[PDB]
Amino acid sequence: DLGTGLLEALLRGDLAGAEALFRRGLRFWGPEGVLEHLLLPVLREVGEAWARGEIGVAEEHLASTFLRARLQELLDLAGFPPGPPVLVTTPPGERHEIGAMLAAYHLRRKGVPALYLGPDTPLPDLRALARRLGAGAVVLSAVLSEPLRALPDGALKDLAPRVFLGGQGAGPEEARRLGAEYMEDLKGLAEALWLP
């Protein structure tokens, strides 16, 4: 409901009003709630508005940068607990960061030390870092399907002892082909990781 107001504030360059509206939502729904009720709907509307030609790239950039900033702040508010890290990123060629940041946030909320790398990490580099840090897991967020299609069979299999793949670009069959565990629900990710 609040999404229209927030987007209108952003598109008129009223940063203070956007942040105030976002804080109101955060106070009302709480951290998880504001992400499902406000952040994600606005992100989606920005996407759709762009594709319809109602807004241009500058406006989309402004809105996306604002939402990233808000999500980064929630990520840091969940804080960084001890223990072997989980590396969170996106496949090579994937620049959509929000899904990855959400996954890191839901993990940290459950006491999992999710290290958000940013998007678009080469698989050998990722595997090397996981090995060196003794990471328990790698979590990948895929918005587009093409970057997954470009990977060879089994490519995600041994990035770390456990590898999870989600996002709208992914499905069970493609996860199976790549050797990743497929997950749709962020709230359950920590439990899936703690389980064998």
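Residue numbers run from 1 along the displayed sequence.
Remark: stretch with higher mean C-alpha B factor among 9-17 and 168-176 is 9-17. Higher mean CA temperature factor between 117-125 and 78-86: 78-86, per the PDB entry. Taking only the listed residues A130, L38, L151, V163, the entry reports the highest CA temperature factor at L38.
The PDB entry assigns its highest CA temperature factor, among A51, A155, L140, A137, to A51. Split the chain's modelled residues into thirds by C-alpha temperature factor. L67 is in the middle one. Ranked against the other modelled residues of its chain, the C-alpha B-factor of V34 as given in the entry falls in the highest third.
For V42, the recorded CA temperature factor ranks within the highest third of the chain's modelled residues.
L26: CA B factor in the middle third of modelled residues in this chain (values from the PDB entry).
When the modelled residues of the chain are ordered by C-alpha B-factor, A58 sits in the middle third.
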